[PDB]
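Here is the structure we will look at, set down as structure tokens.
Methodologically, a virtual Cβ is constructed for each residue, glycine included, from the backbone with ideal geometry; neighbour enumeration extends over all protein chains shown. Values quoted throughout were computed directly from the atomic coordinates according to the rules given, and no laboratory measurement underlies them.
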Amino acid sequence: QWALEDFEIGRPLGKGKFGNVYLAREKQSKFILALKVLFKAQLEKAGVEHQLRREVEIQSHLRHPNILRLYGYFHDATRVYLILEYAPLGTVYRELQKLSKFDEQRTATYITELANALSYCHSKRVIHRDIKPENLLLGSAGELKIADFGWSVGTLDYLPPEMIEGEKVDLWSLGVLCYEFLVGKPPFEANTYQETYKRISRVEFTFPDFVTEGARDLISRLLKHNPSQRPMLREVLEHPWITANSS
Ligand SMILES: CCc1ccc(/N=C2\S/C(=C\c3ccncc3)C(=O)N2CCOC)cc1
């Protein structure tokens, strides 16, 4: 039970294919938040209307410090609105660009924060797909926040081989993200989609010389072609390299 008139709209926080996300404030409470404006006619054309409803229904039942909270949703004649948590410190992707690459502490901490979020979901029967650093936002204390529509009950980089050839997708992603964090680009980056495909399929990639043993060990184990070879989330959180380096 919300209306556009309940909100003061600030500047845009991001510009998507299906409309912008705006910094917004709730007038009565002065609650600061983000508002995603999706256009109905634009949603129908793409036929994503059902996936969106299903996605919103799943998200709304999710409460974890490392998942961007969806407070609710509403619509008018032409638009659909999603009411989101505001993450003041921008995306991890933007942070990577500025720093080139993260150190082991930041990486390990981020992997911990991620594994925790996934663990919470895995205990509620919720599964995630690939996770891109563009969809990872930062809280006021620099805590990481999964912000995407990839929950269930593009670029190939973050997708595992069992999904591009046609569960354990989550764990593949942590491998990709951990590599990307320490290195500065994801392990299968190519100039064409079709090349990336081939790299993922073969698990063809190398480490730079600065990547340490413990990191090589975790990434290598997470990026196994065979899904049943990949470690459990519990194993990831208790990997020596994680425990030595995380917060
Ligand atoms: C339903 C949960 C959800 C909603 C929108 C999402 N996409 C988001 S959120 C966002 C910016 C933001 C900044 C600070 N605080 C909050 C958000 C942003 O830039 N995107 C991608 C553009 O929309 C397709 C991701 C997840």
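Of note:
- Summing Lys and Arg as +1 and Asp and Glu as -1 over all other residues whose Cβ lies under 15 Å from the Cβ of residue 207 gives a net charge of -2.
- Within straight-line cross-link reach of residue 45, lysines at Cα separation under 23 Å, skipping those fewer than 8 residues along the same chain: 15, 17, 36
- Shape of the stretch 53-125, Cα gyration tensor, a/c cut at 1.5: oblate
- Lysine pairs within the stretch 91-245, Cα separation less than 21 Å, 8 or more sequence positions apart or different chains: 20
- Tensor-based shape of the stretch 91-245 (alpha-carbon gyration tensor, a/c under 1.5 rounded, otherwise prolate or oblate): rounded
- Between the stretch 93-155 and the stretch 232-247, the alpha-carbon center distance in angstrom: 15 Å
- Kirkwood hydrodynamic radius of the stretch 6-118, Cα pairs, Å: 16.0 Å
- Over the C-alpha atoms of the stretch 1-64, the Rg to Rh ratio, Rh being the Kirkwood estimate, stands at 1.00.
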